[PDB]
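As stored in upload_7.cif (mmCIF, C-alpha atoms and all ligand atoms):
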```cif
data_model
loop_
_atom_site.label_atom_id
_atom_site.label_comp_id
_atom_site.auth_asym_id
_atom_site.auth_seq_id
_atom_site.Cartn_x
_atom_site.Cartn_y
_atom_site.Cartn_z
CA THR T 33 3.43 -37.26 12.23
CA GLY T 34 -0.19 -37.71 13.40
CA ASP T 35 -0.52 -34.48 15.45
CA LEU T 36 -3.19 -32.22 13.90
CA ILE T 37 -3.99 -28.54 14.00
CA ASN T 38 -7.33 -26.98 13.07
CA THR T 39 -7.34 -24.49 10.18
CA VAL T 40 -10.14 -22.55 8.52
CA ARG T 41 -10.22 -25.27 5.80
CA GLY T 42 -10.23 -28.09 8.37
CA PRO T 43 -7.57 -30.27 10.04
CA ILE T 44 -3.97 -30.45 8.75
CA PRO T 45 -0.98 -32.45 9.93
CA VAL T 46 1.26 -30.27 12.19
CA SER T 47 4.22 -31.28 9.94
CA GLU T 48 2.53 -29.56 7.02
CA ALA T 49 2.31 -26.12 8.72
CA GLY T 50 5.89 -25.44 7.53
CA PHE T 51 7.04 -21.80 7.70
CA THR T 52 4.41 -20.22 9.97
CA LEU T 53 3.77 -16.58 10.91
CA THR T 54 2.16 -16.85 14.33
CA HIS T 55 0.65 -13.33 14.80
CA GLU T 56 -1.13 -11.87 11.78
CA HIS T 57 -4.58 -10.58 10.69
CA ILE T 58 -6.48 -10.72 7.43
CA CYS T 59 -8.47 -7.69 8.63
CA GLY T 60 -8.30 -5.75 11.97
CA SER T 61 -11.93 -4.60 12.56
CA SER T 62 -14.73 -5.01 15.10
CA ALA T 63 -17.50 -7.58 15.63
CA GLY T 64 -20.25 -7.19 12.98
CA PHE T 65 -18.45 -4.33 11.22
CA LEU T 66 -17.52 -6.06 7.94
CA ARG T 67 -21.15 -7.27 7.61
CA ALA T 68 -22.67 -3.80 8.41
CA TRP T 69 -20.27 -1.59 6.51
CA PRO T 70 -18.22 -3.48 3.91
CA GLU T 71 -17.90 -0.29 1.78
CA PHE T 72 -15.55 1.01 4.49
CA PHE T 73 -12.99 -1.38 2.86
CA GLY T 74 -14.04 -0.46 -0.66
CA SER T 75 -15.99 -3.67 -0.69
CA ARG T 76 -15.76 -7.16 0.77
CA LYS T 77 -14.65 -8.44 -2.69
CA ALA T 78 -11.90 -5.75 -2.80
CA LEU T 79 -10.71 -6.74 0.71
CA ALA T 80 -10.62 -10.46 -0.13
CA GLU T 81 -8.71 -9.83 -3.41
CA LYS T 82 -6.11 -7.63 -1.62
CA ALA T 83 -5.74 -10.33 1.06
CA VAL T 84 -5.36 -13.10 -1.59
CA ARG T 85 -2.60 -11.12 -3.43
CA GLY T 86 -0.77 -10.48 -0.13
CA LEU T 87 -0.91 -14.12 0.99
CA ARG T 88 0.21 -15.36 -2.45
CA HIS T 89 3.17 -12.98 -2.11
CA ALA T 90 3.93 -14.42 1.34
CA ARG T 91 3.54 -17.93 -0.13
CA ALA T 92 6.00 -17.18 -3.01
CA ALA T 93 8.46 -16.08 -0.22
CA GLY T 94 8.12 -19.44 1.57
CA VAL T 95 5.30 -18.73 4.07
CA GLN T 96 3.02 -21.81 4.31
CA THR T 97 0.78 -20.97 7.33
CA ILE T 98 -0.36 -17.86 9.17
CA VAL T 99 -2.15 -17.74 12.53
CA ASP T 100 -4.83 -15.06 12.26
CA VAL T 101 -5.12 -13.93 15.91
CA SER T 102 -8.26 -11.83 15.26
CA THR T 103 -10.81 -12.56 18.00
CA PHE T 104 -14.54 -11.95 18.09
CA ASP T 105 -13.89 -8.27 19.01
CA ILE T 106 -11.32 -7.76 16.24
CA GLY T 107 -14.31 -8.60 13.97
CA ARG T 108 -12.78 -11.97 12.89
CA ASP T 109 -14.81 -13.19 9.88
CA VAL T 110 -13.98 -16.87 9.60
CA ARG T 111 -15.82 -17.27 6.22
CA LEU T 112 -13.56 -14.53 4.85
CA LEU T 113 -10.47 -16.35 6.21
CA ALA T 114 -11.56 -19.63 4.62
CA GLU T 115 -12.18 -17.97 1.25
CA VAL T 116 -8.79 -16.22 1.12
CA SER T 117 -6.93 -19.29 2.48
CA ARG T 118 -8.41 -21.42 -0.31
CA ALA T 119 -7.69 -18.87 -2.99
CA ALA T 120 -4.11 -18.19 -1.91
CA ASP T 121 -3.25 -21.75 -0.90
CA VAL T 122 -1.91 -20.63 2.48
CA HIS T 123 -3.15 -22.32 5.72
CA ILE T 124 -4.88 -19.99 8.19
CA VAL T 125 -5.37 -20.96 11.88
CA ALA T 126 -8.24 -18.99 13.43
CA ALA T 127 -8.43 -17.72 17.02
CA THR T 128 -10.84 -17.54 19.86
CA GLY T 129 -10.39 -15.37 22.99
CA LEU T 130 -10.87 -11.63 23.45
CA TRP T 131 -8.68 -8.59 22.61
CA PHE T 132 -9.09 -5.18 24.29
CA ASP T 133 -12.35 -4.06 22.63
CA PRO T 134 -14.93 -6.48 24.15
CA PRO T 135 -18.59 -5.21 23.94
CA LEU T 136 -20.78 -5.25 27.08
CA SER T 137 -22.24 -8.66 26.21
CA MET T 138 -18.70 -10.03 26.83
CA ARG T 139 -17.63 -7.60 29.61
CA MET T 140 -20.60 -8.74 31.76
CA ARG T 141 -19.56 -12.41 31.66
CA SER T 142 -18.03 -14.54 34.41
CA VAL T 143 -14.83 -16.63 34.12
CA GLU T 144 -17.03 -19.70 33.74
CA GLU T 145 -19.12 -18.14 30.93
CA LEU T 146 -15.97 -16.94 29.08
CA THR T 147 -14.53 -20.45 29.39
CA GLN T 148 -17.68 -21.81 27.83
CA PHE T 149 -17.44 -19.31 24.96
CA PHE T 150 -13.76 -20.08 24.20
CA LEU T 151 -14.51 -23.85 24.38
CA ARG T 152 -17.45 -23.49 21.93
CA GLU T 153 -15.15 -21.86 19.34
CA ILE T 154 -12.38 -24.54 19.85
CA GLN T 155 -14.54 -27.67 20.24
CA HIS T 156 -17.83 -26.97 18.40
CA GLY T 157 -17.04 -24.27 15.83
CA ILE T 158 -17.15 -20.51 15.31
CA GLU T 159 -20.63 -19.09 14.68
CA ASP T 160 -22.54 -21.66 12.60
CA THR T 161 -19.56 -22.59 10.38
CA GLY T 162 -18.03 -25.66 12.04
CA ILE T 163 -14.58 -24.00 11.73
CA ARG T 164 -12.64 -24.55 14.94
CA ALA T 165 -10.18 -22.13 16.59
CA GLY T 166 -6.58 -23.40 16.94
CA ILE T 167 -5.33 -20.69 19.33
CA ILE T 168 -6.69 -18.48 22.13
CA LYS T 169 -5.82 -14.71 21.89
CA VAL T 170 -5.98 -12.40 25.06
CA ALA T 171 -4.81 -8.84 25.74
CA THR T 172 -3.79 -6.35 28.41
CA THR T 173 -2.60 -2.79 27.88
CA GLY T 174 -0.90 -2.17 31.25
CA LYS T 175 -2.09 -3.77 34.41
CA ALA T 176 -5.04 -6.10 33.67
CA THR T 177 -8.50 -4.64 34.11
CA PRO T 178 -10.71 -6.81 36.34
CA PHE T 179 -12.45 -8.17 33.24
CA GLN T 180 -9.06 -8.95 31.59
CA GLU T 181 -8.15 -11.07 34.69
CA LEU T 182 -11.19 -13.23 33.96
CA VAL T 183 -10.35 -13.47 30.27
CA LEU T 184 -6.81 -14.66 31.06
CA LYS T 185 -8.08 -17.23 33.55
CA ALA T 186 -10.76 -18.42 31.12
CA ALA T 187 -8.04 -18.70 28.44
CA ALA T 188 -5.91 -20.85 30.79
CA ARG T 189 -8.86 -23.10 31.53
CA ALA T 190 -9.83 -23.55 27.90
CA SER T 191 -6.19 -24.28 27.00
CA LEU T 192 -5.91 -26.87 29.81
CA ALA T 193 -9.10 -28.56 28.52
CA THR T 194 -8.15 -28.62 24.80
CA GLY T 195 -4.29 -28.38 24.56
CA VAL T 196 -4.60 -25.36 22.24
CA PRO T 197 -2.03 -22.65 22.98
CA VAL T 198 -2.58 -19.08 24.31
CA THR T 199 -1.08 -15.93 22.76
CA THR T 200 -1.15 -12.39 24.12
CA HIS T 201 -1.19 -8.68 23.24
CA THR T 202 0.88 -6.66 25.76
CA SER T 203 2.01 -3.13 26.22
CA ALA T 204 5.63 -4.38 26.11
CA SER T 205 7.11 -1.14 27.59
CA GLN T 206 4.93 -1.68 30.67
CA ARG T 207 6.11 -5.28 30.98
CA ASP T 208 2.60 -6.84 31.00
CA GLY T 209 3.90 -10.37 30.36
CA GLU T 210 5.01 -10.68 34.00
CA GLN T 211 1.46 -10.26 35.37
CA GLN T 212 0.05 -12.26 32.47
CA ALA T 213 2.53 -15.10 33.41
CA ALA T 214 1.49 -14.81 37.10
CA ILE T 215 -2.22 -15.15 36.23
CA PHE T 216 -1.67 -18.09 33.80
CA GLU T 217 0.48 -19.91 36.36
CA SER T 218 -2.12 -19.32 39.10
CA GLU T 219 -4.40 -21.46 36.86
CA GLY T 220 -1.75 -24.20 36.44
CA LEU T 221 -1.12 -23.50 32.74
CA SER T 222 2.30 -24.50 31.41
CA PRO T 223 4.47 -21.53 30.14
CA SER T 224 5.20 -23.59 27.00
CA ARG T 225 1.50 -23.22 26.06
CA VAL T 226 1.86 -19.43 26.15
CA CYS T 227 3.30 -16.77 23.82
CA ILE T 228 3.79 -13.28 25.26
CA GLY T 229 3.29 -11.13 22.19
CA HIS T 230 4.43 -7.66 21.00
CA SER T 231 7.64 -8.43 22.85
CA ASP T 232 9.69 -6.72 20.12
CA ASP T 233 8.02 -3.39 21.09
CA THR T 234 10.71 -3.23 23.82
CA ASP T 235 14.52 -3.70 23.95
CA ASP T 236 14.34 -4.71 27.62
CA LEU T 237 16.12 -8.07 27.47
CA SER T 238 15.93 -8.48 31.28
CA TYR T 239 12.12 -8.64 30.95
CA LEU T 240 12.34 -10.89 27.80
CA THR T 241 14.92 -13.36 29.05
CA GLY T 242 13.10 -13.53 32.38
CA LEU T 243 10.02 -14.85 30.55
CA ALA T 244 12.06 -17.09 28.19
CA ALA T 245 13.95 -18.67 31.18
CA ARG T 246 10.51 -19.62 32.66
CA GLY T 247 9.57 -21.43 29.43
CA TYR T 248 7.35 -18.81 27.78
CA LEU T 249 7.41 -18.22 24.03
CA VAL T 250 8.41 -14.65 23.27
CA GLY T 251 6.46 -13.21 20.37
CA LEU T 252 8.64 -10.90 18.30
CA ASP T 253 5.73 -10.13 16.09
CA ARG T 254 5.75 -6.53 14.77
CA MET T 255 8.85 -6.81 12.55
CA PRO T 256 7.96 -4.27 9.76
CA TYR T 257 6.58 -1.62 12.16
CA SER T 258 8.62 1.54 11.94
CA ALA T 259 7.45 5.21 11.74
CA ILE T 260 10.96 6.47 10.87
CA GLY T 261 10.27 9.05 8.14
CA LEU T 262 6.68 9.73 9.32
CA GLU T 263 7.09 12.11 12.27
CA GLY T 264 4.61 14.45 10.54
CA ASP T 265 1.90 11.85 11.25
CA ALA T 266 0.80 11.51 14.86
CA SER T 267 -1.29 8.36 14.41
CA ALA T 268 1.38 6.65 12.23
CA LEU T 269 3.93 7.47 14.98
CA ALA T 270 1.88 6.09 17.88
CA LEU T 271 1.29 2.87 15.89
CA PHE T 272 4.69 2.24 14.26
CA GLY T 273 6.99 3.67 17.03
CA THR T 274 10.50 5.05 16.36
CA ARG T 275 12.67 1.86 16.28
CA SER T 276 13.86 0.41 12.93
CA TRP T 277 12.95 -3.12 11.77
CA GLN T 278 16.67 -3.93 12.10
CA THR T 279 16.44 -2.99 15.84
CA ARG T 280 13.44 -5.31 16.19
CA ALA T 281 15.19 -8.13 14.26
CA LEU T 282 18.32 -7.78 16.45
CA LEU T 283 16.15 -9.05 19.37
CA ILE T 284 15.71 -12.38 17.57
CA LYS T 285 19.53 -12.66 17.35
CA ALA T 286 19.92 -11.44 20.96
CA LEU T 287 17.66 -14.17 22.32
CA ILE T 288 19.34 -16.84 20.15
CA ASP T 289 22.80 -15.63 21.46
CA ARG T 290 21.47 -16.08 25.05
CA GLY T 291 20.45 -19.70 24.47
CA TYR T 292 16.75 -19.02 23.84
CA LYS T 293 16.42 -20.06 20.17
CA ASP T 294 13.53 -22.50 21.00
CA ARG T 295 11.52 -19.77 22.87
CA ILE T 296 11.15 -17.39 19.93
CA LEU T 297 8.23 -16.78 17.60
CA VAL T 298 8.51 -14.27 14.74
CA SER T 299 5.74 -12.47 12.86
CA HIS T 300 4.56 -9.10 11.42
CA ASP T 301 1.15 -8.34 12.91
CA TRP T 302 0.28 -7.29 9.41
CA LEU T 303 -3.23 -6.89 7.92
CA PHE T 304 -4.99 -6.19 4.62
CA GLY T 305 -7.69 -3.99 6.15
CA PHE T 306 -7.74 -2.00 9.34
CA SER T 307 -10.96 -0.32 10.48
CA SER T 308 -10.21 -0.21 14.25
CA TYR T 309 -7.67 2.59 13.61
CA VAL T 310 -7.56 5.92 11.73
CA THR T 311 -9.00 6.24 8.23
CA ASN T 312 -6.54 5.48 5.35
CA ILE T 313 -4.01 3.93 7.78
CA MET T 314 -3.75 0.98 5.29
CA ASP T 315 -2.23 3.33 2.66
CA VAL T 316 0.44 4.46 5.16
CA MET T 317 1.23 0.81 6.08
CA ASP T 318 1.46 -0.36 2.50
CA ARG T 319 3.92 2.48 1.70
CA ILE T 320 6.12 1.57 4.69
CA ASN T 321 5.99 -2.20 3.88
CA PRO T 322 4.84 -3.05 0.38
CA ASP T 323 6.04 -6.64 0.98
CA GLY T 324 3.28 -7.21 3.60
CA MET T 325 3.62 -10.74 5.10
CA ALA T 326 6.62 -11.51 2.84
CA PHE T 327 8.70 -9.01 4.82
CA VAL T 328 9.97 -11.59 7.34
CA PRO T 329 11.29 -14.16 4.81
CA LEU T 330 12.51 -11.45 2.37
CA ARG T 331 14.22 -9.05 4.77
CA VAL T 332 14.45 -10.37 8.34
CA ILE T 333 15.67 -13.89 7.72
CA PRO T 334 18.51 -12.88 5.33
CA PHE T 335 19.47 -10.08 7.73
CA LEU T 336 19.85 -12.76 10.48
CA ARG T 337 21.68 -15.11 8.16
CA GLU T 338 24.13 -12.33 7.26
CA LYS T 339 24.69 -11.68 10.96
CA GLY T 340 25.75 -15.34 11.16
CA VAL T 341 22.61 -17.11 12.46
CA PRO T 342 22.87 -20.63 11.04
CA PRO T 343 20.16 -21.84 8.67
CA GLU T 344 19.16 -24.72 10.96
CA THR T 345 18.54 -22.15 13.70
CA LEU T 346 16.41 -20.01 11.43
CA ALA T 347 14.43 -23.10 10.40
CA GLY T 348 13.96 -24.03 14.07
CA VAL T 349 12.55 -20.55 14.81
CA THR T 350 10.17 -20.30 11.83
CA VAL T 351 9.09 -23.96 11.52
CA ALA T 352 9.89 -26.10 14.57
CA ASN T 353 8.85 -23.50 17.20
CA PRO T 354 5.41 -22.78 15.65
CA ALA T 355 4.77 -26.53 15.13
CA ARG T 356 5.53 -27.24 18.79
CA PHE T 357 3.47 -24.21 19.96
CA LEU T 358 0.38 -25.05 17.82
CA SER T 359 0.28 -28.86 18.36
CA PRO T 360 -2.37 -29.43 21.03
CA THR T 361 -0.45 -30.49 24.10
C1 LIG S 401 -0.76 -2.85 14.87
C2 LIG S 401 -1.94 -3.78 15.08
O1 LIG S 401 -2.19 -3.90 16.50
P1 LIG S 401 -2.95 -5.17 17.08
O2 LIG S 401 -2.11 -6.53 17.08
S1 LIG S 401 -3.26 -4.96 18.88
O3 LIG S 401 -4.20 -5.37 16.17
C3 LIG S 401 -5.09 -4.41 15.64
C4 LIG S 401 -5.98 -5.26 14.73
CO CO S 402 -1.99 -6.66 19.60
FE FE S 403 -2.41 -8.24 16.26
#
```

Mind turning the file's structure into structure tokens?
Amino acid sequence: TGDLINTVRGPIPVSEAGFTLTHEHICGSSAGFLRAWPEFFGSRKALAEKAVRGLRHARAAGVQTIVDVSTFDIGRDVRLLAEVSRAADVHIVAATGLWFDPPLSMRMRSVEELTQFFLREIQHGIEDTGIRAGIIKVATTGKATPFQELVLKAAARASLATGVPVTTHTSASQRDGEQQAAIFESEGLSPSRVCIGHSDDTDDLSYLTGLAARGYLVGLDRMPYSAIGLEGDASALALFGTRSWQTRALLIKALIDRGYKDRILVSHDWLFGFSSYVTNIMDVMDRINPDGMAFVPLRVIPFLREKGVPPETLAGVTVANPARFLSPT
């Protein structure tokens, strides 16, 4: 008791986060896009309503908190997050950091300037809203670009100053987490402050246990993503991949069976609107996974339970691990 985490509706006790999905999005977009072209989503009101229905569904399934890891360049709209969080009665933790679509005004910045930006969003507030980020999101897609090196270092520095954790996008098949880990450790950041995300996009357990053994959190965060059935659709295939959700979920069991139950974070990487990809992609996603952010508690957790993962273990993964990760440390 007494540890707090910042949400888009203000501070909450860590012990009230409960069942937490640690990598999710209300809307995957671009900076300024929802303001300039809300009709792309039908309307802003249509997007918010869709998001409220989805989160209420997740809530009815036992989800109490999501971490929306949309950054500035994923077009994070913190007023939107606050509105849908209030309406659905689900906590939303917002993010600072940068993903892999930074505009030139970010790409021209130094490590010091990036550090100052991430600190502003954590310590002062995002935009003019007063809402504080509770996580820092970074990305590589292969070997880090020079700019991405700075971002990761700035993320380490902001995390060391504030205690707020860092979470990452990787190309998991290219094993990005190893260089990400090397950069974070070069800055003196503790591996227990760090989640290496999209780690279920690979079945390479040498790579995953290597990270887990060093104390990283392994983000198994794209549970419902499968394009099995959709080989007609090139963009759906590139996005979803060709592994079943059961294959992804088996990784959670695999890590638990190797002693790594406390190093695991589970999520969907779901969204309710998606403008940074092909048009109508949200109809394809909703057909593949009509349960949205309820998919983990409805499908994945019982799957694990039926494979013989004990309930206390499942609770530790979906409640205790996110609480520990999010508590500023
Ligand atoms: C399938 C979604 O991929 P990302 O987590 S990199 O986010 C796009 C908003
Ligand atoms: Co990502
Ligand atoms: Fe994501």

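Between residue 361 in chain T and the residues T:173, T:180, T:321, T:222, the shortest atom-to-atom distance, using only C-alpha atoms, involves T:222.
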
As an MDAnalysis selection string, please: every protein or nucleic acid residue near ligand LIG 401 (chain S) (cut-off 8 Å, counting all atoms listed in the file).
chainID T and resid 55:57 59:61 102 106 131:132 201 230 254 257 271:272 301:303 306 308:309

Selection near residue 37 in chain T, 12 Å with all atoms listed in the file, sequence-local residues under 2 positions removed, as a PyMOL selection string: chain T and resi 33-35+39-49+97+99+123-126+154+163-167+194-197+354-361

Open item on the list: Excluding range 65-77 of chain T and its own-chain neighbours fewer than 4 positions away, which residues fall within 8 Å of it when counting all atoms listed in the file? Please give them as a VMD selection string.
Closed with: chain T and resid 61 81 107 109 305 307

From the list T:221, T:158, T:215, T:252, the nearest residue to ligand FE 403 (chain S) using all atoms listed in the file is T:252

Write out, as JSON lines, each residue of range 271-360 of chain T that has an atom at most 8 Å from range 245-251 of chain T, together with the closest pair of atoms and their distance in Å to one decimal, counting only C-alpha atoms, rows going by chain and rising number.
```
{"residue": "T:292", "atom": "CA", "partner": "T:245", "partner_atom": "CA", "distance": 7.9}
{"residue": "T:295", "atom": "CA", "partner": "T:249", "partner_atom": "CA", "distance": 4.5}
{"residue": "T:296", "atom": "CA", "partner": "T:250", "partner_atom": "CA", "distance": 5.1}
{"residue": "T:297", "atom": "CA", "partner": "T:251", "partner_atom": "CA", "distance": 4.9}
{"residue": "T:298", "atom": "CA", "partner": "T:251", "partner_atom": "CA", "distance": 6.1}
{"residue": "T:299", "atom": "CA", "partner": "T:251", "partner_atom": "CA", "distance": 7.6}
```

Dump as a compact mmCIF listing (two decimals), in the coordinates of the input, selection limited to C-alpha atoms:
```txt
# COMPACT_ATOMS: atom_id res chain seq x y z
CA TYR T 292 16.75 -19.02 23.84
CA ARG T 295 11.52 -19.77 22.87
CA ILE T 296 11.15 -17.39 19.93
CA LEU T 297 8.23 -16.78 17.60
CA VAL T 298 8.51 -14.27 14.74
CA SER T 299 5.74 -12.47 12.86
```

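Note that the spacing between CA of residue 348 in chain T and CA of residue 300 in chain T amounts to 17.8 Å.
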
Give me range 132-148 of chain T from this structure - N, CA, C and O atoms, as a PDB file, in the first residue's frame.
```
ATOM      1  N   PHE T 132       8.512   4.236 -33.830  1.00  0.00           N
ATOM      2  CA  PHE T 132       9.355   4.329 -35.003  1.00  0.00           C
ATOM      3  C   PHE T 132       8.816   5.229 -36.118  1.00  0.00           C
ATOM      4  O   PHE T 132       9.318   5.159 -37.232  1.00  0.00           O
ATOM      5  N   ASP T 133       7.960   6.205 -35.782  1.00  0.00           N
ATOM      6  CA  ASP T 133       7.547   7.209 -36.751  1.00  0.00           C
ATOM      7  C   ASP T 133       7.794   8.646 -36.286  1.00  0.00           C
ATOM      8  O   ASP T 133       6.909   9.501 -36.456  1.00  0.00           O
ATOM      9  N   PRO T 134       8.974   8.923 -35.667  1.00  0.00           N
ATOM     10  CA  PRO T 134       9.173  10.307 -35.161  1.00  0.00           C
ATOM     11  C   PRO T 134       9.305  11.330 -36.321  1.00  0.00           C
ATOM     12  O   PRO T 134       9.909  11.000 -37.318  1.00  0.00           O
ATOM     13  N   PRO T 135       8.655  12.505 -36.239  1.00  0.00           N
ATOM     14  CA  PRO T 135       8.785  13.541 -37.258  1.00  0.00           C
ATOM     15  C   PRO T 135      10.173  14.164 -37.100  1.00  0.00           C
ATOM     16  O   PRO T 135      10.861  13.929 -36.067  1.00  0.00           O
ATOM     17  N   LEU T 136      10.545  15.031 -38.039  1.00  0.00           N
ATOM     18  CA  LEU T 136      11.872  15.687 -37.997  1.00  0.00           C
ATOM     19  C   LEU T 136      12.105  16.518 -36.726  1.00  0.00           C
ATOM     20  O   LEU T 136      13.224  16.593 -36.242  1.00  0.00           O
ATOM     21  N   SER T 137      11.061  17.165 -36.205  1.00  0.00           N
ATOM     22  CA  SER T 137      11.220  17.942 -34.993  1.00  0.00           C
ATOM     23  C   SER T 137      11.709  17.089 -33.805  1.00  0.00           C
ATOM     24  O   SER T 137      12.267  17.637 -32.865  1.00  0.00           O
ATOM     25  N   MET T 138      11.406  15.788 -33.821  1.00  0.00           N
ATOM     26  CA  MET T 138      12.022  14.843 -32.854  1.00  0.00           C
ATOM     27  C   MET T 138      13.353  14.260 -33.350  1.00  0.00           C
ATOM     28  O   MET T 138      14.325  14.187 -32.583  1.00  0.00           O
ATOM     29  N   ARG T 139      13.401  13.794 -34.604  1.00  0.00           N
ATOM     30  CA  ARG T 139      14.637  13.229 -35.151  1.00  0.00           C
ATOM     31  C   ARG T 139      15.853  14.143 -35.098  1.00  0.00           C
ATOM     32  O   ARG T 139      16.968  13.643 -34.994  1.00  0.00           O
ATOM     33  N   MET T 140      15.651  15.466 -35.068  1.00  0.00           N
ATOM     34  CA  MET T 140      16.796  16.393 -34.946  1.00  0.00           C
ATOM     35  C   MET T 140      17.289  16.629 -33.520  1.00  0.00           C
ATOM     36  O   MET T 140      18.208  17.429 -33.327  1.00  0.00           O
ATOM     37  N   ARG T 141      16.661  15.998 -32.513  1.00  0.00           N
ATOM     38  CA  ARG T 141      16.998  16.282 -31.138  1.00  0.00           C
ATOM     39  C   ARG T 141      18.166  15.480 -30.588  1.00  0.00           C
ATOM     40  O   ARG T 141      18.404  14.335 -30.980  1.00  0.00           O
ATOM     41  N   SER T 142      18.794  16.030 -29.556  1.00  0.00           N
ATOM     42  CA  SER T 142      19.927  15.340 -28.920  1.00  0.00           C
ATOM     43  C   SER T 142      19.397  14.440 -27.798  1.00  0.00           C
ATOM     44  O   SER T 142      18.222  14.562 -27.399  1.00  0.00           O
ATOM     45  N   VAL T 143      20.279  13.592 -27.238  1.00  0.00           N
ATOM     46  CA  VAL T 143      19.869  12.744 -26.095  1.00  0.00           C
ATOM     47  C   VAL T 143      19.396  13.628 -24.958  1.00  0.00           C
ATOM     48  O   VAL T 143      18.425  13.338 -24.272  1.00  0.00           O
ATOM     49  N   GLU T 144      20.103  14.731 -24.713  1.00  0.00           N
ATOM     50  CA  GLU T 144      19.668  15.630 -23.628  1.00  0.00           C
ATOM     51  C   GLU T 144      18.277  16.220 -23.868  1.00  0.00           C
ATOM     52  O   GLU T 144      17.474  16.398 -22.927  1.00  0.00           O
ATOM     53  N   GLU T 145      18.007  16.616 -25.109  1.00  0.00           N
ATOM     54  CA  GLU T 145      16.703  17.257 -25.427  1.00  0.00           C
ATOM     55  C   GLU T 145      15.555  16.216 -25.320  1.00  0.00           C
ATOM     56  O   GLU T 145      14.489  16.505 -24.750  1.00  0.00           O
ATOM     57  N   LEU T 146      15.824  14.988 -25.769  1.00  0.00           N
ATOM     58  CA  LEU T 146      14.844  13.907 -25.681  1.00  0.00           C
ATOM     59  C   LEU T 146      14.539  13.598 -24.214  1.00  0.00           C
ATOM     60  O   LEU T 146      13.362  13.428 -23.828  1.00  0.00           O
ATOM     61  N   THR T 147      15.587  13.566 -23.396  1.00  0.00           N
ATOM     62  CA  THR T 147      15.441  13.370 -21.957  1.00  0.00           C
ATOM     63  C   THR T 147      14.547  14.434 -21.342  1.00  0.00           C
ATOM     64  O   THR T 147      13.585  14.128 -20.580  1.00  0.00           O
ATOM     65  N   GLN T 148      14.763  15.687 -21.767  1.00  0.00           N
ATOM     66  CA  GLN T 148      13.919  16.748 -21.297  1.00  0.00           C
ATOM     67  C   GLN T 148      12.442  16.605 -21.735  1.00  0.00           C
ATOM     68  O   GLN T 148      11.476  16.789 -20.916  1.00  0.00           O
TER      69      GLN T 148
END
```
